[PDB]
Amino acid sequence: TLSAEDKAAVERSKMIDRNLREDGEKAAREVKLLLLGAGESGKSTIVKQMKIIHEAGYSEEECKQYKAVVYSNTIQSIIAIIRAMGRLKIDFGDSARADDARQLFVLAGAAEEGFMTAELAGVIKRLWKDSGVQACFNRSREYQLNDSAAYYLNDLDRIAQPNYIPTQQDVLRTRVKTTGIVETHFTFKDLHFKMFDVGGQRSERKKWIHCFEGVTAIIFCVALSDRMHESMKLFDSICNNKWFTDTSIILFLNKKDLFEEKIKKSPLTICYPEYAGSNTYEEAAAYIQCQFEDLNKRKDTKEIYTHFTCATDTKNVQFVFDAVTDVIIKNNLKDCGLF
Amino acid sequence: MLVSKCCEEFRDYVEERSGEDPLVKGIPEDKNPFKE
Amino acid sequence: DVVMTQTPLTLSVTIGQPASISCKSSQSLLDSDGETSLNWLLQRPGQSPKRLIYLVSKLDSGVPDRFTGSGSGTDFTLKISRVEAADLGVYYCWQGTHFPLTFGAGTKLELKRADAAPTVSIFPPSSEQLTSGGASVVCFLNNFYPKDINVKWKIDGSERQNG
Amino acid sequence: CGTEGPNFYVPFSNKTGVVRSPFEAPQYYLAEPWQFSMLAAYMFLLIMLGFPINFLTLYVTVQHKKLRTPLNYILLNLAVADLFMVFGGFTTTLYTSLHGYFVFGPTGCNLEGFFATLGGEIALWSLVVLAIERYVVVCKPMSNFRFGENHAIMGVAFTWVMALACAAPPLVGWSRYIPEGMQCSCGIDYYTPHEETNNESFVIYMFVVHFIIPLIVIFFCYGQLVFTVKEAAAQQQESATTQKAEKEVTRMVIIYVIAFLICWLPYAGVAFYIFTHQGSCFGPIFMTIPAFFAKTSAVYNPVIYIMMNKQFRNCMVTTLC
Amino acid sequence: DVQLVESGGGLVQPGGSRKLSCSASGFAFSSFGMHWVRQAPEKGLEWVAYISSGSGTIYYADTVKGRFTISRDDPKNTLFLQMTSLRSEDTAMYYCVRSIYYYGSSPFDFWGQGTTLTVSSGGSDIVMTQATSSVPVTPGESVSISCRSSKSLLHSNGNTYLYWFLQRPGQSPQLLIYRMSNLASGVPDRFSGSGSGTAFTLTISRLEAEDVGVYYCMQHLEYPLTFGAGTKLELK
Amino acid sequence: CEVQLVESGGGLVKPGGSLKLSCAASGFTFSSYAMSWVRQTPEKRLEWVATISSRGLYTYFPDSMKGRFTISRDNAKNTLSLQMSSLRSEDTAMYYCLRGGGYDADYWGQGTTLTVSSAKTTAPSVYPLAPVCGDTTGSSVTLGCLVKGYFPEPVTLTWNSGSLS
Amino acid sequence: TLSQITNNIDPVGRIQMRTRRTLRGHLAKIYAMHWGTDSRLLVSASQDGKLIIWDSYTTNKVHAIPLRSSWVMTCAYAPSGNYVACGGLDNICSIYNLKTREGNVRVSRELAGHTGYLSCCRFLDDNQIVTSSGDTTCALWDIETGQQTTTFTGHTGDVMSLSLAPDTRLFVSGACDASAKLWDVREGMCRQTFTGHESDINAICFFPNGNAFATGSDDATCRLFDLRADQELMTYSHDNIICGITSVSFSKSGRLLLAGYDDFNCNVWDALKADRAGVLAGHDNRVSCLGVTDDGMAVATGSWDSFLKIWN
C-alpha cells in the first residue's frame, strides 16, 4: 500500500471531478442558435433591430454579467488618466492629493469586485474636478479613452445604487473592437435559450467548414437585393460537404420590403440569366431555395423550415419557439428507438 | 542539395536510438512505474 | 570624451540622392517607461529651427514623408529620400531622456554652387593704410578654382596662419 | 375432476384406478402418442428458430460496437430472457414427452418452473421498462435530466428484483411448483387448493402485480406519447415527414398493445373465470392453450422487438448471411 | 497577502475546555488542508492534529484522539480546535499551519504567528536522533547538522519524506527544505540538504547573522507527524 | 485669445553684468503646457538653456550654471522670465522660448540676441574705394569698402538712395 | 529518396502497443492538448470550458481551469510549468500562472490585438510567445508588457498552425494559402517559403534534430520537407484515404511516423521503409490529436470521442 501522504491527491481529484461533473451535467442542455451571413454592408444590423424589437429578456443575472466589465472599464479609464498625468507632467491642484496619489497606486491594485468605499469615491470625485484631469479628458483625442468616461464618473450617484439595471444603450456602449458574439441567459417556457449572432464572414469559411458540428440550427442570412458567383461557389462548398449531410439550413430572407420593390423593378435574371419564371416573390424565392438545396444531392429527407414574414408587428416569439420545439421533438424521436 | 546525403544523416541519427525507445525495443515492466 | 556624434560631419551629396545620417549618444536614451525621447531637427540660416521627426516614427504635421527616423538605444538613423531646397541647414538629433538635455553635433547640409570662370576682386589697403601699420585686403572669390583650396595670406613672402 | 396427490395433481378422476404418478410411468393413458409427437416436433421447431435469433443478436451486438449504447441493454435482457425459456422450458419438456413422465425429480420440477417463470417475468418487465424509458426520453417530463447507463443499470436490476420477488418464493416455502397441463412442464399451482402453501394470496398477488400494473402503465405512457405527438403534429401542419412519423409510431404502438394483450389476457381471463365462476373443471387439452400462447410469445416477441427495431433492422443487412 | 491569525489563547484551569481559532485570508482557504502543531515551553515541536481540505480526512495524535476535536468552517475561512479535559501537559504555543497536497506541492509552506495556551498547576513511532544538542559557531564558517531515524524513510514509491524547518528565537518556525532538494521560496542558496535512507545532513555555507535558531528535521511518511527535538545554534 | 510669443530683453551687456530676458506666451493653455529655453551660439552650436514644467514645480537646470541664472513665471501675464548674472563669452547667443517641454517642444519662439563684450561702442571708420579707370567696363563690377573699428554689429552703409548694399 | 536509401536495414516489425492508462472525464469535444516538459504533466482543452492539467503517472487531475470564453481553438503549456496560454475566437490569448497562484485561478495576461481567431501558440520562455491567427498574421508578444513586439506578415491566407524548432531559434508556419513559411523569430521575417500542397495545410511537426520536418494536411497526405535542401522529399497517402489528417508526432528515433485520420485510426508508418507498421484503434470517433512524450516512453492520443488514451 504505497499510499503515503499521497492518499490526499485522490481526494482532491475527486472533489475537482465532482465540480466538473456538475457544471457539465447542466451544460449541453442549452439550445444554441448560430447566426451567419453579413456578406453585405449591414446584415447583422438588420438582425439587431429585429432582435431589439421582437427579442427581450433582462433578468437581474444577465445585467449582472456586465458588472465586471463596467468596473474594468472604470478602473482602466482612471488608470489611463493617471498615467497620462505622469506622462504630461501635470501636478495636483492641492499637494495633499500627493498622499492620495500614493494611496492611488495602492488602491490601483485594489481593483477587486465592487470596492467602492466612500473614500475611494471621494478621491475619484476630487480627481475628476481637478483642472489637469479635465484638461486630459478634453485632450482625450490624443490617447485611448472610453467615450463614456465622463458620462459614468459624472453619474456615480445613479450608478452606485444597488438596484442599477443597465439599459440597452449601456450594452451598446460596452465597446467591441474586433470580436463580438451576442449572449443572453433569459428563461422562457422553462427552456434556457442561448442565441449567438456571429459575423466575420467573407473569409472565415474555415471556421464553419469544419469548426461547427452538432449545433442545433444554422441561420443563413442572404442579401436578397443588396463576386456573386464566388458566393455561390462558397455556399456549394459548405452546403455539399459530407460532414454537414444531416444539418438543417434555416433561411431568414430579410429586408423583404426592399426585395419586394426590387423584384418589381429589377429582374431575377440579373443573377440567373437562365431563369424563365416570373419576378414574383414566391417563384424567385422557390427558385433560389431549389438552387441551394440541389447542391446537396445526398440526402433523402430535407426538413427545411421556410417562413413567411411580415412587418414589425409579426408574432416572432411564437414562430421561433414553435420551430425550436418541433426540431427538438423530431431530434428526440430520431434516436429513441422509434424509427 | 540532393536527398541521399540527408538520408545518411537520418540513418546516423537513427541507429543508436533503439536503446531508448521502449516501444520498438519494447519494455520490461520493472523499468516503468506503470505496474499495478 | 562626452561624444554626442552625428556622422558623417560633412558630406557632399548629389541632387536627388538619398542621405543617411547616424546619431550616436554617449548614454542610453531609454527611460523607465520604455519610450525614446528623440527629435530630429533642422535649423536653417535666417529661419527658426523646425522639427523634422518626432518619436522616431511619428511624422510631424506638414513635414514631407521623405524624412524618416529609425533606430534604438544609442544607434539612430535619419534618412532623406530626396534632397531639396528646404532641406538646407543643420541637422540635429536632440534627446530629452536625460536632464540636462543634450544637443547633437549636427550635419551641415548645403547646396553646392555652380562652376564658372574665376571671379576675383581685390582691394589692397591704400598707401596711407600701409604706412599706418595695418593691412586689410578685401578679397571676393566667386566661382574660384580649385574647389579644394584655403584662404591664402602672404606677408613679406611668408604664409601666415594667424588671421 | 382430478387425482389429488401430494407432489402432483392430475386433472382426471382416479375413481377408475388408472391414473399414476407423473414421476413414474409414461403417461400414455392420458393421450395417444401422436399428439405428443406433434407437440415435441413443435417444440423442436421453436428451438431451431429461437436459439438462432437470440444468438445472432448476441453475435451482432458483439460485432458492431455502434449498437453498444445504454438504451439497447434491455434488449440484451430480452435475449437472456428467451434463453431462459429455451433451457428452463423446452428442453426438459422435450425429454419428458419423449419419455412420458418427468425424469429429474421434484427438484428438477422446481428448477424448470423457476427458470421458466423467471424468464417470462424478466421479459415482461423488460418491456415495461423500455416503454417507461421511451416515455421519459421523448415526453421529457423531468426538467433538466439525462438518460445514461446508470439509469439503464438501475432499470435492469429493478427487473431482476421484481422477477425474483415472484420466482423464488416457491423455493422457500410459498405456493408450490407442480407439473401443470400435460405434466411435461412444471409451473405455479394456481388451479388447485393447498392451504399449506397459501395459494390464494400468491395467485391474487400474481394477478395484480403482474397484470393490473403493466396494463395501466402502458396505457398511461403511450397515452401521453400520443397526446404529445398529436399536439406537435397540430403545431407543425406542413411538415410531411412528421405526419409520416406520427402515423408510423401510432401503427407500431397499436401493434405493441395488441401483442401484449394477446400475451397476457389469456391467463388473466382464465384465472378470473376460475375466481368468479367457482365450481368447474377443464382438462389438459384446453389447459395447454395458454401454454401454447405464452411459448409462442417466446417466439414472436423476439421478432417484433429485436428484429423489427430499425436500429437492429439496419444490422439485418449485415446479418442474413 | 496570505495571513493566518490565531486567537483564543490564554490561561485555563485544568480540566476545562477551550476553542482556538485560526483566521485565514488572501488565499483559497477551502483548498488547503490545515494542521495544529504545539510547542512546550522549553521543548521541540510535536504534531497535534490534521483536517484535510474538504474535511473528508481528519487525523489526531494518539494522546488526543477521542477527547480533542479539530474542525474547520470553510465558508467562513476559519479553523477551530476544541480542547477538553485540559491537563498541565497541554500548555504550549500552538501554530496553525496550511498545507496543500498535490504532485509537486510544498506542504507546510505558511505558518501563522501562533497563540499561547497555559494550563495552571495542581513504540511504532519513528525515533529521530540528533545526538548533539547544541553547537557553537562563528560567522562565515560552514556547518553541517545531522539527524537519523531508526527506520528507512525511503518509501517503495521512491520518495524520501524529509523536511527541514528553522525556528528563529522568538518567531514562528519557517520551512527551509522540502523533499531533499527543493529550495523554499525566499531562502538563500547557501542552504543545502543531503543524506541517505536513515541519516541526513543540512549544510550552511558562510553562515550569516539571521541563520541562528533551532533546526528541526521532520518525517511525513505516516501519521502521527513527528519532529526532532531541535538543534540550537549558539554563538561560540 | 490669439497665440502670441513675444521675447524681449536682448542686447549688449558688459562682463559681470546682469540682464533679464522675458518670453510672454498667450492665446493657449500656458498653465498646462511646459516651457523651454534654448540658446544657439553664432558658431552654429546649439546649447540647451532650461526646461520648466507646466506648473513650474519641477525645473531642470545645468549644474555648471546654477547660482547664476534665476527663472520665474507669472500667471498674471502668463510670462516666463530669466535673469542672468556673471555672463560669459559663450552666452553671446540667440535665445528661443519654446512651447512645451522636451517631449512636446513642437513650436519654436522668435528669440532674442545677447552679446557680451568688454569693449565700449566705437564709431566705425568707413572709406569707399572704387576700382581704377579702365577696370570698370565689365558687366559686373564690385566696389570696395574699408570699415575698421566696428562695434557692435551691424554697420549700416547706404549710397544712391540706399539702392545698393 | 529516403526509401531507396534505407532498403537494406531491417524493418522494425511487430509494433503491439497497449493502453497502460485510460484518462476518463471530458464530456464534450477536446480541441487541444500539450505535453509538459517533464513528459509527465499535461494540459487538455475541452468544450466543457475546462483546461485540465493531469499528473499522468498517478492518473490524477492536478487542475481544472474554467475558461471565460468557451470557443477555444488552441492552448499551450509554458516549459517552466509556470504559465499556460489559452486562445479563442475572442482573439485573445489568456495567460494563467500555475505556481504563484495562492489557490484560485487568475488571469495573468490578456493578449489582445489579433483581428481574427487565435489558431495556435507556442511559448519561448516565461517572456515571449509566438502565435498564429486567422487574421493572416502571426505575432510574438511580450507577455509582461502586453505588446506585440514582433509581427510576422507575408502569408496571403488564413494561418492555421505553427511549430517551434527544437532549439527555439526558428519556427515554421502553415496556412490556407497552401504554404508553409519558415520564420526567424528576432528579425521577424520569412527566410524561406515552401509550397506544393493544393489544400490548406492544417498541421506540421519537426524531426527531433530540428533539421527536417513533416507536415499533415486535410488533403489526406503527409509530406516530408527538408530545411537545408528546401523541398519536399516524400508523400504519404493511401489511395483510399481522401479524408483529413488531424495530428502528427514522431517517435524518439524518428523511425515511427504517427498520423491521425478521419477514419478513426492512427496509422503508424515505418519512416525508413514506407511500409505501414501499425494501427492505433480503440476509439469510437475521430482521433483529433496525439503526442509523443519528450522522453519517448509513451504516446497519448486524444479523440473526438471525449476520451484520452495512454499507450506504450
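Residues numbered from 1 in each chain as written, not as in the entry; some residues may be left out. Chains lettered and ligands numbered in written order. Heavy atoms only, no water. Residues with missing side-chain atoms left out of burial classes, pairs and counts.

- As documented in the archive entry, the model was determined using cryo-EM at 5.9 Å resolution.

Some remarks on the UniProt feature "binding site: Zn(2+)" in chain D
Residue and element names in this part refer to chain D.
Step number 1: The feature "binding site: Zn(2+)", as given by UniProt, occupies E200 and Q278 in the numbering adopted here. A compact arrangement is adopted by the annotated residues: their sequence extent is 79 residues, whereas the largest C-alpha distance between any two is 13.4 Å.
Step number 2: Relative to the helices and strands, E200 is located in helix α5 (residues 199–235).
Step number 3: Looking at where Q278 falls in the secondary structure, it is placed in the loop between α6 (240–276) and α7 (284–287).
Step number 4: Overall, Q278 belongs to the exposed group, its relative accessible area being 66%. (UniProt positions renumbered as here; feature names shortened; annotations may be inferred. Helix = DSSP H or I, 4+ residues; strand = E, 2+ residues; numbered from the N terminus. Buried < 20%, exposed > 50% of the residue type's maximum accessible area, 1.4 Å probe, protein only.)

What about the sheet that holds strand β8 (residues 78–83) of chain E?
All names here are of chain E.
Step number 1: Ordered in space as β1-β3-β8-β7, the four strands form an open sheet in which the pairing is antiparallel. Each edge of the open sheet is held by one strand with a lone partner, namely β1 (3–7) and β7 (69–73). Taking the axes of each pair of neighbouring strands and ignoring which way they run, one obtains an average angle of 15° across the sheet. (Pairing = 2+ DSSP bridges. Axes fitted to C-alpha atoms, helices over the stretch in contact; angles between N-to-C directions.)

Considerations on the packing of aromatic side chains
Step number 1: Inspection of the entire model under this criterion finds 58 aromatic pairs over all chains.
Step number 2: Consider the rings of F207 of chain G and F250 of chain G, whose centres lie 6.4 Å apart with planes at 65°: the pair is edge-to-face. Of the two residues, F207 of chain G is situated in the loop between β18 (203–206) and β19 (212–216) and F250 of chain G in strand β22 (residues 245–250); the sequence distance between them amounts to 43 residues. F250 of chain G matches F207 of chain G in its accessibility class, with the two residues each being buried.
Step number 3: Among the aromatic residues, those joined into a cluster by ring pairs are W47, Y50, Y59, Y101 and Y223 of chain E. (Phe/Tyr/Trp six-rings, centres within 6.5 Å; stacked < 30°, edge-to-face > 60°.)

Some details on the interface of chain F and chain C
By a widely used convention, the size of an interface equals the accessible area lost when the partners come together.
Step number 1: Taken together, the contacts link 27 residues of chain F with 27 residues of chain C.
Step number 2: Buried surface at the junction of chain F and chain C, both sides included, amounts to about 2500 Å², of which 63% is carbon and sulfur.
Step number 3: Of all residues in chain F, the largest losses of buried area upon contact with chain C belong to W48, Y103 and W108 of chain F, amounting jointly to 29% of the total for that side.
Step number 4: The tally of links from chain F across to chain C stands at zero salt bridges.
Step number 5: Put simply, chain F and chain C have seven residue pairs in polar contact between them.
Step number 6: Elements represented by at least two residues in the side of chain F that touches chain C include exactly β4 (35–40), β5 (46–52), β10 (107–108) and β13 (144–148) of chain F. (Contact = heavy atoms within 4.5 Å. Buried area = accessible area lost by both parts, 1.4 Å probe. Salt bridge = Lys/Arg side-chain N within 4 Å of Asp/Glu carboxyl O. Polar contact = N/O pair within 3.5 Å; in protein donor to acceptor, adjacent residues only side chain to side chain.)

Thoughts on the state of the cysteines
Every disulfide links exactly two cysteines, by a covalent bond between their sulfur atoms.
Step number 1: In this structure the tally under the stated criterion is six disulfides over all chains.
Step number 2: Here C1 of chain D pairs with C281 of chain D through a disulfide, and the sulfurs are 2.0 Å apart. The sign of the S-S torsion, about 100°, decides the handedness of the disulfide formed by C1 of chain D and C281 of chain D: right-handed. Of this pair, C1 of chain D sits in the segment before β1 (3–4) while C281 of chain D sits in the loop between α6 and α7, placing them 280 residues apart in sequence.
Step number 3: Overall, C1 of chain D belongs to the exposed group, its relative accessible area being 59%.
Step number 4: Assessed through its relative accessible area of 46%, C281 of chain D is described here as partly exposed.
Step number 5: Here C23 of chain F engages in a disulfide with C97 of chain F; their sulfurs sit 2.0 Å apart. On the S-S bond that ties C23 of chain F to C97 of chain F, the torsion sits near 60°, and the link is right-handed. Here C97 of chain F lies in strand β9 (residues 93–99) and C23 of chain F lies in strand β3 (residues 18–26), a separation of 74 residues in the sequence. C97 of chain F shares its class with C23 of chain F; the two are buried.
Step number 6: Here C211 of chain A stays free of any disulfide, with the sulfur of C176 of chain G as its closest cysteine sulfur at 10 Å.
Step number 7: Unpaired in terms of disulfides, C7 of chain B finds its nearest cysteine sulfur in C6 of chain B, a separation of 6.1 Å. (Disulfide = S-S within 2.5 Å.)

Some thoughts on the UniProt feature "repeat: WD" in chain G
Step number 1: Under the local residue numbering, the UniProt record ascribes the feature "repeat: WD" to residues 18–66, 67–112, 113–153, 154–195, 196–239, 240–281 and 282–312 of chain G.
Step number 2: Counted over residues 154–195 of chain G, helix gives 0% and strand 55%. Its end C-alpha atoms are 14 Å apart.

Here we look at the interface of chain G and chain A
Step number 1: Taken together, the contact pairs 28 residues of chain G with 24 residues of chain A.
Step number 2: Note on chain G versus chain A: buried area summed over both sides is about 2100 Å², and carbon and sulfur give 54% of it.
Step number 3: A per-residue breakdown of the area chain G buries against chain A is headed by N60, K61 and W71 of chain G, which together make up 23% of the total.
Step number 4: At the boundary of chain G with chain A, the tally comes to three salt bridges.
Step number 5: Of the charged contacts in the structure, one is a salt bridge between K29 of chain G and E213 of chain A, with a shortest N-O distance of 2.7 Å.
Step number 6: The interface formed by chain G and chain A contains eight residue pairs in polar contact.
Step number 7: Listing elements by their share of the side of chain G that touches chain A, those giving two or more residues are β4 (50–55) and β5 (60–66) of chain G.

Some details on the pattern of salt bridges
All names here are of chain E.
Step number 1: Within this structure, the stated rule accounts for 35 salt bridges over all chains.
Step number 2: Close ionic contact of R38 with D90 constitutes a salt bridge, the shortest N to O distance being 2.9 Å. With a gap of 52 residues between them, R38 in strand β4 (residues 33–39) and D90 in the loop between β8 and β9 (92–99) connect regions that are remote in the sequence.
Step number 3: Overall, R38 belongs to the buried group, its relative accessible area being 14%.
Step number 4: Classification of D90 as buried rests on a relative accessible area of 9%.
Step number 5: Connected through shared salt-bridge partners, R190, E208, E210 and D211 make up one network.

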